[PDB]
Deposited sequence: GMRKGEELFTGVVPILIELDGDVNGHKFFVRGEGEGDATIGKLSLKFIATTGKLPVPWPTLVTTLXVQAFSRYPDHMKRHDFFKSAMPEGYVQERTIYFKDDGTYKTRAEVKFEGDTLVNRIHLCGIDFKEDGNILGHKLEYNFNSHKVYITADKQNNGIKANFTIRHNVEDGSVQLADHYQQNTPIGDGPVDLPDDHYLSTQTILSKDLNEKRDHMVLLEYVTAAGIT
């Protein structure tokens, strides 16, 4: 399990989403370095301009890579379910706005850790912040609180993402998360994440480039 994260792992991320009937697909490639908690990825919208802002897809697109210090390592469930992998499900509610429903399977395929994801949504207002692309291209820094679920031999987690709207207002998005092994269990803690969104100057297609630091405490 932990054995696989002693260094830099290749990453493939795939996501087909359907939001309000708008189909899109995002291929993500990059490295992951758990030892320091760094993620470095380049996402490409193979289907053209996204119907939905890149920051709304940031959480959905590998925690395994989050850096758990040795005080904590017992409690790192994500690695401990590998290489078999784990299943990750979120219900993301965008306040005064639509809902995402996601299922994703995070496992090793060959040497590369893969996140294949299905994302669905409805009841998104056109001319709202999300379909309206009224969200700033940035990402905040959130504590993500983690509890174990002895019942499904896995992890639940709750948190709210604050998106800056071009107003100066904030578009809240409540997350509800479930994970289960697909094949261990921690005591309550959280993950503090930091995230930077960026673009490639040589990229005709709609894209996002992502740098992240996640350590646990």
| query | finding |
| --- | --- |
| Sequence ranges absent from the coordinates, based on the deposited chain and numbered from 1 | 1-4, 66, 189-192, 227-229 |
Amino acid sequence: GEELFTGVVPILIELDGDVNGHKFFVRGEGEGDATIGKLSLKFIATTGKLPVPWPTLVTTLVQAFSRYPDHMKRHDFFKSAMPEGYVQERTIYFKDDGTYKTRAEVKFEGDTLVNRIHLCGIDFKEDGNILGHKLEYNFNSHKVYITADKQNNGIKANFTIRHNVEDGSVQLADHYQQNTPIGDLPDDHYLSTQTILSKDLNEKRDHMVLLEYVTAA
From here on, numbers count along this sequence of modelled residues.
query: Between 186-194 and 171-179 (mean CA B-factor, as deposited), the higher; finding: 186-194
query: Average Cα temperature factor in the PDB entry - higher stretch of 90-98, 69-77; finding: 69-77
query: Which of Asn152, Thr59, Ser40, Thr46 ranks first by CA B-factor in the deposited coordinates; finding: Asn152
query: C-alpha B-factor winner, where the candidates are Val165, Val52, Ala148, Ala64; finding: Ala148
query: Record-listed C-alpha B factor of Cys120: chain third; finding: middle
query: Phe108 CA temperature factor, ranked by third within the chain; finding: highest
query: Chain-relative CA temperature factor third for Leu201; finding: highest
query: Where the record places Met82 (Cα B-factor, split into thirds across the chain); finding: highest
query: B-factor third for the C-alpha atom of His142 within its chain; finding: highest
